[PDB]
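One structure below.
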Amino acid sequence: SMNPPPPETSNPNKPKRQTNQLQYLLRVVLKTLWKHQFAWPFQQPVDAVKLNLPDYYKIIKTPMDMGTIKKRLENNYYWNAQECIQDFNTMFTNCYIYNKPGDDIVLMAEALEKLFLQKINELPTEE
Ligand SMILES: Cc1cnc(Nc2ccc(OCCN3CCCC3)cc2)nc1Nc1cccc(S(=O)(=O)NC(C)(C)C)c1
């Protein structure tokens, strides 16, 4: 089978705002995770065709990845910081769901999640 279309990253019908928290999510959180040595499996939608994973999109029905999150942030797609944090959580939980405890890919996600949570603990109060 084909891959699904990627998640939406722009919708001109959606209102936009910039907030200090969304700025921090792009400029600090996403920038820090992106450069991590384990970030590469998470930087774009899973290409189940190229990776030969016929069951991936049978199991993962709410796909998410950092490439999508980056594009959402750069497009001002998100209104609330919590939408973006939810997308990161979806990405990490999808990894845990598809794979098994102690798999290398799971240890990679665990390391990125720990860093994510450290950076979110420093999320500035909304202004
Ligand atoms: C976000 C994500 C979540 N879970 C997975 N799990 C996963 C994906 C592919 C897997 O394929 C096993 C056999 N292939 C591994 C490389 C040779 C053939 C096994 C597990 N991959 C993910 N992303 C991913 C992205 C690019 C490449 C790869 S990979 O195919 O190189 N698989 C890993 C070695 C990283 C597990 C995986």
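Bear in mind that the values in this text are calculations on the coordinates, not laboratory data. No Cβ is skipped: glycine too gets one built from the backbone with ideal geometry, and neighbour counts run over all protein chains shown.
Computed over segment 19-123, the range of Cα coordinates on each principal axis works out to 40, 25, 20 Å, biggest value leading. Helix 81-98 axis versus longest C-alpha principal axis of the chain: approximately 10°, rounded to the nearest ten. Look at the dipole of segment 19-123 built from charges on Cβ: of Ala39, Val49, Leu22, the Cα furthest out on the positive end belongs to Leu22.
The helix-only estimate of mean residue ellipticity at 222 nm for the chain, built from DSSP H runs of length n ≥ 4 each weighted as -39500 (n - 2.57), is -13000 deg cm²/dmol after division by the residue total.
Volume per residue for segment 1-78 equals 101 cubic angstrom (convex hull of Cα atoms). Once the trypsin sites (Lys or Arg not before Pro) in DSSP loops with at most 16 neighbouring Cβ atoms within 10 Å are cut out of the chain, the longest remaining piece is 62-127. Mind pulling the angle between the C-alpha long axis of helix 104-120 and the longest principal axis of the chain? Nearest 10 degrees, somewhere in 0 to 90. On a 0 to 90 degree scale, this one is about 10.
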